[PDB]
Ligand SMILES: Cc1cnc(CNS(=O)(=O)C[C@@H](C)c2ccccc2)o1
Ligand SMILES: [Zn+2]
């Protein structure tokens, strides 16, 4: 589990969105596994605006933050999970690291701010849904 709290927005994995998220929806995209809802309180996270390929992510199944190198956001075939059939996921970045289903929502960050959230896992890989192109999160 986990979210990004920037401005009056809450960014979560679409597959983990709650009824309150869907009842206060700003934007959602199944192909990216992302959903954004509105919040009453202002958040403290800041979004990175860059093309970094190194950063640090939080892994809840290890209670640890790991430094990783990751690929640029791309269209990748992701195997079936409990939440999606095997399909192409867009704006996804991969790194070598540990990721179990419940690790979704952990933040990946670089020197400029939050880069994305954990979205995929298995086989010693971790995949992150990028948010750096969503410029509207800043206003
Ligand atoms: C990059 C890639 C291709 N095929 C896959 C694996 N697909 S999945 O990540 O949707 C599987 C899911 C159960 C999960 C496991 C662990 C963590 C977060 C989700 O990943
Ligand atoms: Zn950066």
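Select from region 74-95 the residues that are farther than 14 Å from residue 32 by Cα, more than 16 Å from ligand 2 (Cβ to nearest atom) and either surrounded by 13 or more Cβ atoms within 10 Å (Cβ to Cβ) or within 16 Å of the chain's Cα centre (by Cα) (or both) and list them in ascending order.
Taking region 74-95 first, the residues farther than 14 Å from residue 32 by Cα are 79-82, 95.
Of the ones still in play, those that are also more than 16 Å from ligand 2 (Cβ to nearest atom) are 79-82.
Passing the criteria: only 81.
Can you name the residue in region 52-73 that is surrounded by 13 or more Cβ atoms within 10 Å (Cβ to Cβ) and not in a strand (DSSP E or B) and, of all such residues, is farthest from the chain's Cα centre (by Cα)?
That would be 62.
Would you point out which residue out of 129, 80 is within 16 Å of ligand 1 (Cβ to nearest atom) and touching a helix residue (DSSP H, G or I) at 6+ places or on another chain (Cβ under 7 Å)?
129
If you go through region 59-70 one residue at a time, how many are more than 13 Å from residue 121 (Cα to Cα) and either in contact with a helix residue (DSSP H, G or I) (Cβ under 9 Å, 6 or more places away or on another chain) or within 14 Å of ligand 2 (Cβ to nearest atom) (or both)?
Looking only at that region, the number is 5.
Just to be sure, is residue 113 within 13 Å of ligand 2 (Cβ to nearest atom), surrounded by 13 or more Cβ atoms within 10 Å (Cβ to Cβ), on the phi > 0 side of the Ramachandran plot and in contact (Cβ under 8 Å) with a residue 60 or more places away in the chain?
Yes, satisfied.
Got at least one residue in region 31-53 being farther than 15 Å from residue 116 by Cβ, in contact with a helix residue (DSSP H, G or I) (Cβ under 8 Å, 6 or more places away or on another chain) and not assigned by CATH to the domain that holds residue 125?
yes
Hey, among 97, 105, which residue is in contact (Cβ under 8 Å) with a residue 60 or more places away in the chain and within 11 Å of ligand 1 (Cβ to nearest atom)?
So the residue among 97, 105 that is in contact (Cβ under 8 Å) with a residue 60 or more places away in the chain and within 11 Å of ligand 1 (Cβ to nearest atom) is 105.
Looking only at residues in region 14-51 that are part of a helix (DSSP H, G or I) and surrounded by 13 or more Cβ atoms within 10 Å (Cβ to Cβ), which one is nearest to ligand 2 (Cβ to nearest atom)?
32
I want to confirm something. Restricting to region 102-139 and keeping residues that are within 13 Å of the chain's Cα centre (by Cα) and in a helix (DSSP H, G or I), which single residue is nearest to residue 4 (Cα to Cα)?
So, considering only residues that are within 13 Å of the chain's Cα centre (by Cα) and in a helix (DSSP H, G or I), the one nearest to residue 4 (Cα to Cα) is 103.
Basis: the model, the stated rules and, where named, an outside source; no laboratory instrument gave them. Every residue, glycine among them, receives a Cβ derived from its backbone with ideal geometry; neighbour counts consider all protein chains shown.
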